Amino acid sequence: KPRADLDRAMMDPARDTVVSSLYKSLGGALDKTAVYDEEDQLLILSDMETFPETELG
Amino acid sequence: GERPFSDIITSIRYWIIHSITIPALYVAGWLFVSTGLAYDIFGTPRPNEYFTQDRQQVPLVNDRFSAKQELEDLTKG
Amino acid sequence: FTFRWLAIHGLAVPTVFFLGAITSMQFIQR
Amino acid sequence: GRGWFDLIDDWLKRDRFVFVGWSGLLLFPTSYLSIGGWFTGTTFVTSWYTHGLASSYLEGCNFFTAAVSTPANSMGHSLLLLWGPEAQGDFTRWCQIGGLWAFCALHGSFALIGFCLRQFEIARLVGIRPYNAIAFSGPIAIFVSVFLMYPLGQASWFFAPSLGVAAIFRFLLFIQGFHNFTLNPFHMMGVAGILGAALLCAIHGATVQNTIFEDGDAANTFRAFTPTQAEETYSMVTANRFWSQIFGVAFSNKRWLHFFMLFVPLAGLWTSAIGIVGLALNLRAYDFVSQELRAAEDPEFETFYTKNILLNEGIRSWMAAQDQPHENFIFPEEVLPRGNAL
Amino acid sequence: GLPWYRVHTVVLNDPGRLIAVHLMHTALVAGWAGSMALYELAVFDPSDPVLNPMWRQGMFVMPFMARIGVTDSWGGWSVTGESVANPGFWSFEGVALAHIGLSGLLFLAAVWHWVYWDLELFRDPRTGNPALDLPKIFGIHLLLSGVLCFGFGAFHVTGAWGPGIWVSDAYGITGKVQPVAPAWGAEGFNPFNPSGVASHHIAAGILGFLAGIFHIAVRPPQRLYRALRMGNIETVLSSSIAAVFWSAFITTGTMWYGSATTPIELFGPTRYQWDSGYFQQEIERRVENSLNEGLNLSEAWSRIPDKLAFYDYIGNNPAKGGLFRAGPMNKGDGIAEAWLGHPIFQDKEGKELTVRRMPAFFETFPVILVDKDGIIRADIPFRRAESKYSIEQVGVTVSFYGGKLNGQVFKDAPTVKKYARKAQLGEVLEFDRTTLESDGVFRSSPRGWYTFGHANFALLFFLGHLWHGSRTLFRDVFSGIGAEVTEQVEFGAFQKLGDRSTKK
Amino acid sequence: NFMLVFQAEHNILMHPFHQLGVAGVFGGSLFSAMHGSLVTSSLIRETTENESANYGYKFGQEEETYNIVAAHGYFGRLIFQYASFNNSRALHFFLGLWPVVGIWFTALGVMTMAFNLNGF
Amino acid sequence: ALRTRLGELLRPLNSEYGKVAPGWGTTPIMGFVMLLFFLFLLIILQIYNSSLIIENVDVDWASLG
Amino acid sequence: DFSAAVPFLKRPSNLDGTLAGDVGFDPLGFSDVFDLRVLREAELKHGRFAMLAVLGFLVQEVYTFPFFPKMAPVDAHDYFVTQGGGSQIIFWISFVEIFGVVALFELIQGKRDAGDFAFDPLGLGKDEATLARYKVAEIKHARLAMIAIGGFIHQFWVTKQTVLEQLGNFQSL
Amino acid sequence: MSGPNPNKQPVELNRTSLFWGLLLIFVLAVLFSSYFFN
Ligand SMILES: CC1=C(C#C/C(C)=C/C=C/C(C)=C/C=C/C=C(C)/C=C/C=C(C)/C=C/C2=C(C)CCCC2(C)C)C(C)(C)C[C@H](O)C1
Ligand SMILES: CC1=CCCC(C)(C)[C@H]1/C=C/C(C)=C/C=C/C(C)=C/C=C/C=C(C)/C=C/C=C(C)/C=C/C1=C(C)CCCC1(C)C
Ligand SMILES: CC1=CCCC(C)(C)[C@H]1/C=C/C(C)=C/C=C/C(C)=C/C=C/C=C(C)/C=C/C=C(C)/C=C/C1=C(C)CCCC1(C)C
Ligand SMILES: [Fe+2]
């Protein structure tokens with residue numbers, strides 16, 4: 001299993017190798033994924049608008 | 001944004017380059033047909049090439065992977 | 001020089017070529 | 001600033017005269033090549049070595065008789081690539097074996113995919129629901145079934161429709177003769193869908209044009225409408241009353257009316273596609289078994305269905321000799337069915 | 001209220017009842033498998049595997065049971081024709097009863113998951129709403145499917161721990177379940193090589209296991225999460241339907257064109273074996289090889305097996321049936337009893353004549369006899385036409401070699417016409433008609449019915465995939481559009497279409 | 001049987017009036033599906049997620065139930081900006097005009113082939 | 001929401017709803033794998049179509065022997 | 001700070017140089033991703049197996065037990081597949097490495113040095129300088145024998161003759 | 001827990017839909033009865 005305390009902030013990109021770059025490309029050291037989407041992605045909009053009634057009508 | 005039609009049709013270059021290019025394309029197609037180049041490029045038979053002396057029937061291709069050789073045999077002469 | 005220019009010229013040069021070819025074919029003695 | 005993908009996405013989705021989008025990369029070259037290949041086939045390419053036919057303006061055909069003919073039967077279901085083992089890079093032999101039909105068919109399949117993706121993309125960018133792509137799935141079903149799934153179930157690409165006019169008429173009569181497709185109930189549902197869609201189009205146009213409100217003083221009423229107006233331009237109540245007391249039933253919901261106009265042709269096309277897919281394997285509604293048994297047991301028993309069966313036999317027997325020249329069908333005059341022969 | 005076509009959307013955000021309805025569907029499918037197997041066992045006749053095999057009797061799930069090992073029955077018979085003294089539990093009846101019991105257990109599980117829907121597992125620890133971590137669920141399921149595929153291909157197909165799969169010869173004479181060694185070269189992509197099945201399943205199981213590890217380990221990108229709407233389960237439905245109809249097209253093709261996974265001793269021959277004269281060429285080659293050994297025609301044609309001559313017959317063609325000619329193949333031309341032998345047609349001068357075989361397109365074909373050159377020397381008139389080359393005029397005589405009529409020569413015109421009509425269909429056979437009251441119109445094999453059903457199902461699932469992709473990518477405008485569309489639809493209002501920040 | 005005998009004796013498929021009728025029915029289906037999809041695509045949001053969208057329109061309401069400008073913009077960007085009908089009245093006149101004229105022409109073609117003026 | 005033994009066992013396997021990798025993540029390598037899969041499908045399709053003939057790969061019923 | 005062994009490559013960030021044989025050689029960079037302690041455990045165990053295997057090849061070529069039949073070492077593998085001695089050997093290797101799994105788990109937890117089973121029965125290494133020198137010699141011999149055992153096996157596979165036999169008559173093909 | 005599921009929704013079918021469904025099923029029966037019988 002890949003090591004702990006690995007992140008793409010302390011690891012110098014200038015010292016990258018084949019395996020290290022392949023690990024970065026395959027989503028390794030993803031400790032920055034604490035962000036969530038924060039979008040409902042099932043929210044159907046319900047902002048109905050009422051048309052004003054005219055005198056003709 | 002877009003280019004209006006009046007600017008297109010009132011451009012002096014737009015007319016001279018068309019007058020020197022488009023009739024050239026028209027004559028190019030006319031000579032592509034009239035010199036017999038279309039028949040040779042696309043394999044379309046000439047009116048005197050549908051039937052040969054030895055083949056008086058429809059030239060059917062009967063094998064898949066030797067189709068090029070069969071067509072060369074049928075279209076020779 | 002735009003994308004509309006290319007879209008027109010894709011359907012224009014071979015169109016004129018084919019129209020000339022067909023007009024030439026109209027005079028082939030059948 | 002922005003990434004390269006974001007810049008490409010911004011340029012493709014630019015609001016210009018001809019929208020390109022991401023779907024344009026698949027649509028425009030494929031549709032362009034399909035149309036160009038069809039014109040090239042109907043203009044120069046012969047059918048002498050596949051069907052023994054002339055199908056180009058170079059051979060003397062008009063608009064009706066010129067076609068991009070299907071490949072030869074010996075080719076099977078080959079993709080017929082220009083670099084493939086049949087043509088081996090020779091453009092002339094590729095045109096002579098019918099590879100241009102495969103060119104047009106594959107590029108048209110991917111062009112239909114591209115156009116449906118274009119509908120999805122423009123509906124997503126504009127912000128409306130994508131019911132137009134669902135509607136266009138109908139013609140996609142027609143093209144897929146007829147031009148791909150039918151020949152892929154048959155012996156080769158040879159029995160697919162050829163891209164012409166008289167060629168399509170040949171396909172109609174060939175399918176009727178060898179399949180009795182009029183008797184197929186899925187084709188009946190397709191005919192019902194098409195004719196009911198024409199009926200709906202005509203009746204909705206007439207009803208709207210004849211129940212408009214008097215929104216202007218001019219006798220010609222086309223100018224009495226603005227696209228940005230809030231009120232309806234025609235009376236739904238008057239139309240509903242008219243069709244309730246004329247026909248018995250009438251639409252009262254405009255949205256249901258337009259979804260029905262969307263649904264009828266789509267259902268017709270999909271059911272007819274099911275029918276053609278059934279025909280692809282010769283699984284047909286060719287005959288009613290009890291009618292044939294009663295006609296065999298009773299020579300005096302005759303219906304219009306039996307006459308249709310005899311007409312199909314006539315089509316097959318008088319058409320197969322020149323329609324399938326690779327089989328070398330030699331039918332003598334005595335084996336050919338004739339009405340006076342019995 | 002909900003319309004009739006949206007009644008199942010109540011379990012869209014209810015994971016427990018989604019699992020419950022999936023369990024109910026699985027129970028229904030397993031119960032159908034069991035009941036179909038029981039019915040087919042009730043209507044199967046294992047007496048004659050040569051001339052009445054399972055595809056002549058309309059067996060549909062029996063070929064799939066016999067494809068990967070299950071060939072014996074508790075009645076003491078096998079589909080290969082042998083006798084089994086000790087059948088074991090995994091017979092056809094054992095599989096059917098196992099499917100029935102599995103259906104019952106899945107039904108009870110569905111009941112439990114419908115009642116106990118509010119499990120704490122289905123609720124997000126961060127928000128508390130009922131949610132499913134679909135990417136990690138996909139990782140788990142991909143890992144499970146990789147393990148299952150690798151195990152199937154490494155133990156079941158190879159025979160390391162399992163029966164193997166059905167392997168036949170090139171002409172469907174001697175087929176049985178054998179262990180299959182995998183082929184790791186390019187010959188594993190030969191679709192008629194059964195070693196490709198084992199090698200494919202091993203390699204794909206390994207790759208799926210690795211990909212499942214990756215998908216459990218790694219979260220999706222934010223761009224792909226927003227683009228594909230990975231928080232919505234309808235994108236999973238859309239992509240699953242897409243993959244399912246892709247697979248349905250693949251199986252339709254491999255069934256119609258034939259492969260090592262669709263042997264002809266279980267699903268019947270293909271139409272392209274009749275179009276190319278596959279069995280006819282094989283039979284002619286064998287007869288020629290026997291004639292080159294000094295044998296006469298009778299001994300050469302008597303050496304041809306009845307199975308091989310039965311394959312060379314247009315009634316076994318899947319492309320000769322009808323859409324509403326329901327039932328087994330024996331409901332059509334009948335139940336095959338015996339091979340009558342190869343007819344050879346000779347005129348009054350002794351020249352041999354061959355009846356031109358009927359193509360699969362033709363419901364009716366004219367009976368014409370050609371010589372070795374290809375010239376019409378005799379034929380049958382249409383129904384009542386005046387004739388020039390009729391059978392009575394040319395004096396065609398037919399002599400049968402091999403089969404039941406071996407050595408017999410028929411010279412009377414009605415019999416010669418009857419046998420020419422039969423030879424138009426291929427090899428002449430004897431059919432039984434009073435057992436099932438066969439009407440006399442050809443019917444399709446299980447191969448053709450499978451192809452029809454799955455081609456139509458794939459075509460319809462293409463529409464389903466389009467519908468669910470549309471409902472996924474357009475979830476916000478499901479009930480209609482608002483007033484924010486009027487500004488976007490103005491031509492040239494924005495530089496980029498649909499982007500409010502690119503206003504001119 | 002009528003269709004088959006008519007094709008045998010008059011070659012109706014090659015008759016340009018029957019071709020106009022086929023264009024009429026195919027175009028009528030195309031335009032019916034097109035108009036239905038454009039109206040259903042641009043329906044104004046007036047319902048909740050748990051009911052049919054048809055109930056957003058009330059029988060006899062004054063306002064329009066769908067955004068004509070939105071459908072016009074979508075169809076203008078689909079093909080080109082004046083391939084659409086800005087006017088709904090002109091659009092519906094075209095809808096009622098295309099298949100009616102097509103069926104008129106094919107009926108007149110059958111009427112002319114009654115007196116043996118056959119197709120091409 | 002009732003808590004069960006199996007539910008508590010499987011809870012960490014369903015606990016990261018909405019958790020995403022920032023930016024483009026692994027999209028380029030995903031596209032590379034998709035390209036390889038497209039090439040593989042093309043190869044096997046052209047083999048099954050007999051548009052791609054390989055040594056010792058006879059796409060035929062007769063290859064069964 | 002470039003690598004001492006490779007002058008054009010940077011020194012790997014996890015190879016500080018405290019380990020025995022840590023010269024900075026890691027072009028592919030397996031130490032950047034996987035744990036260095038587990039990698040050194042695997043390296044040392046591979047090397048110990050290879051050293052025992054090379055010594056075994058030499059001894060088996062020069063002397064076979066009289067109650068065993070006389071043959072080459074490589075094709076004896078199938079003979080002891082059939083006979084059952086190889087099953088015993090792998091059985092006892094598996095028995096030792098069942099506790100090897102626990103040792104590896106303790107290595108993961110960081111309570112054990114890499115390759116350190118504390119196996120010094122003769123008391124050869126007790127001084128720290130001698131211990132470091134022995135560690136360096138052990139890792140160098142492990143690498144050399146890891147190469148050498150594959151060399152022996154492949155040379156027997158291509159030449160159908162053993163090691164000292166090939167050194168007897170050097171046949172080149 | 002075992003009780004009120006929040007996703008419970010009523011199901012409607014107005015008379016127009018009932019008549020359309022009846023017409024569809026009866027017309028389909030009329031169409032396919034001739035083919036099922038033969
Ligand atoms: C399968 C099988 C068996 C087996 C077996 C076995 C055990 C097979 C084992 C095979 C092995 C261990 C092969 C090892 C090869 C090592 C190489 C090529 C290292 C090269 C290093 C180099 C070039 C260094 C290069 C260098 C580098 C990088 C650093 C410095 C510079 C330089 C020196 C140039 C049996 C015998 C049991 C029988 C069984 O029935 C079948
Ligand atoms: C196929 C192939 C070969 C190798 C190259 C390549 C791989 C690119 C590939 C594609 C080549 C391509 C794209 C060729 C392009 C061909 C094109 C665009 C040909 C277009 C020709 C246009 C023509 C006739 C115009 C016809 C219009 C006519 C009469 C007018 C009809 C009229 C109308 C519309 C109303 C009634 C009155 C009237 C006047 C009769
Ligand atoms: C006509 C038609 C419409 C259009 C499509 C198509 C043409 C294909 C055709 C297909 C129709 C369809 C979908 C038919 C579906 C048939 C099905 C699902 C049949 C399945 C029946 C299930 C059965 C028996 C289950 C039996 C299980 C039982 C007792 C279990 C009992 C038990 C339980 C409950 C508790 C434990 C103990 C025990 C004994 C196990
Ligand atoms: Fe309207």
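Both backbone and side-chain heavy atoms feed into the values below; hydrogens, waters and symmetry mates do not. Counting convention: from 1, in listed order, for ligands and their atoms alike. By convention in this document, chain letters (A, B, ...) are assigned in the order of the sequence lines, proteins followed by strands, and residues within each chain are numbered from 1.
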Checklist entry - What's the shortest distance from atom 22 (C) of ligand 1 to any protein heavy atom, and which residue and atom give it? => result H:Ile147 CD1, 4.9 Å
Next on the checklist: Between B:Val33 and D:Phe44, is the side chain to side chain contact (heavy atoms under 4.5 Å, CB included) condition met? List the steps.
Outcome noted: CA-CA 9 Å; B:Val33 163; D:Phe44 302 108; 4.1 Å; yes
Next on the checklist: For atom 28 (C) of ligand 2, what's the nearest protein heavy-atom neighbour? Residue, atom name and distance, please.
Outcome noted: C:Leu19 CD2, 5.0 Å
Checklist entry - Is H:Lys140 atom NZ crowded by more than 12 heavy atoms from other residues, nucleotides or ligands, each under 6.0 Å away? => result no
Item to check | Any non-hydrogen protein atom less than 4.0 Å away from atom 1 (C) of ligand 2 | outcome: yes
Next on the checklist: Among all the protein's non-hydrogen atoms, which is closest to atom 26 (C) of ligand 2, and how far away is it?
Outcome noted: D:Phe39 CE2, 4.4 Å
Next on the checklist: Protein heavy atoms near atom 35 (C) of ligand 2, is at least one of them under 4.0 angstrom away?
Outcome noted: no
Item to check | Distance from atom 1 (C) of ligand 1 to nearest protein heavy atom, with residue and atom | outcome: H:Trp157 CH2, 4.1 Å
Next on the checklist: Check the orientation of D:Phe247 and D:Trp243. Use parallel for under 30°, tilted for 30 to 60°, and perpendicular for over 60°.
Outcome noted: perpendicular
Item to check | Donor-acceptor pair between F:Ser42 and F:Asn67 side chains, under 3.5 angstrom | outcome: no
Next on the checklist: Would you say that more than 12 heavy atoms from the other residues, nucleotides or ligands in this model lie under 6.0 Å from the OH of B:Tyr26, or not?
Outcome noted: yes
Checklist entry - When you measure from atom 27 (C) of ligand 1 to every protein heavy atom, which one gives the shortest distance, and what is it? => result H:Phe25 CZ, 4.4 Å
Item to check | Contact bool for atom 16 (C) of ligand 1 (protein heavy atom, d < 4.0 Å) | outcome: no
Checklist outcome for this item: For atom 22 (C) of ligand 2, the closest protein heavy atom turns out to be C:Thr15 CG2, 3.7 Å
Checklist entry - Can a protein heavy atom be found under 4.0 Å away from atom 10 (C) of ligand 1? => result yes
Checklist entry - Quick one: nearest non-hydrogen protein atom to atom 14 (C) of ligand 1, plus distance? => result H:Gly150 CA, 4.0 Å
Checklist outcome for this item: re atom 16 (C) of ligand 2, the protein heavy-atom contact at minimum distance is D:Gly36 CA, 3.5 Å
Item to check | atom 10 (C) of ligand 2 within contact range, any protein heavy atom under 4.0 Å | outcome: yes
Checklist entry - Quick one: does ligand 2 sit under 4.0 Å from the side chain of D:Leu100, the backbone, both or neither, non-hydrogen atoms only? => result side chain
Item to check | Which residue and heavy atom of the protein sit nearest atom 21 (C) of ligand 2, plus the separation | outcome: C:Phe18 CB, 3.7 Å
Checklist outcome for this item: shortest atom 7 (C) of ligand 1-to-protein heavy-atom contact is with H:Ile153 CD1, 3.6 Å
Checklist entry - Do you see a protein non-hydrogen atom under 4.0 Å from atom 30 (C) of ligand 1? => result no
Item to check | Interatomic spacing from CG in D:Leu262 to OG in F:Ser41 - rounded to 0.5 Å | outcome: 9.5 Å
Checklist entry - Aromatic rings D:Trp256 and D:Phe251: how do their planes relate, parallel, tilted or perpendicular, breaks at 30° and 60°? => result tilted
Item to check | Aromatic ring pairing F:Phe94/F:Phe31, orientation class (parallel under 30°, perpendicular over 60°, tilted between) | outcome: tilted
Checklist entry - Does D:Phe263 CZ have over 12 foreign heavy atoms under 6.0 Å away? => result no
Checklist entry - Taking the minimum heavy-atom distance to atom 13 (C) of ligand 2, which of D:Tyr32, D:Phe91, D:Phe103, D:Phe63 ranks first? => result D:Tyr32
Item to check | Protein contact of atom 18 (C) of ligand 2 - nearest heavy atom, named by residue and atom, plus distance | outcome: C:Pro14 CG, 3.8 Å
Item to check | Ligand-residue contact atoms, ligand 1 with H:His154, heavy atoms, under 4.0 Å | outcome: 10 (C), 11 (C), 13 (C)
Item to check | Plane angle bin for D:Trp101 and D:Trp157 - parallel if under 30°, tilted between 30 and 60°, otherwise perpendicular | outcome: tilted
Item to check | D:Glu59 versus D:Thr46, side-chain donor and acceptor atoms under 3.5 Å | outcome: yes
Checklist entry - For atom 40 (O) of ligand 1, what's the nearest protein heavy atom and its distance? => result H:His77 ND1, 3.3 Å
Checklist entry - Relative to the ring of D:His204, is the ring of D:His258 parallel (under 30°), tilted (30 to 60°) or perpendicular (over 60°)? => result perpendicular
Checklist entry - Given the protein's heavy atoms, is any one of them under 4.0 Å from atom 40 (C) of ligand 2? => result no
Item to check | Of all N/O/S atoms in D:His258, the name of the one nearest the Fe ion (ligand 4) | outcome: NE2
Checklist entry - When you look for heavy atoms under 4.0 Å from ligand 2, do you find them on the side chain of D:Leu33, its backbone, both, or neither? => result side chain
Checklist entry - Do D:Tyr234 and D:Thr207 get their side chains close enough for a donor-acceptor pair, meaning under 3.5 Å? => result no
Next on the checklist: Counting neighbours of CH2 on D:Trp94 that are heavy atoms of other residues, nucleotides or ligands and sit closer than 6.0 Å, is the number greater than 12?
Outcome noted: yes
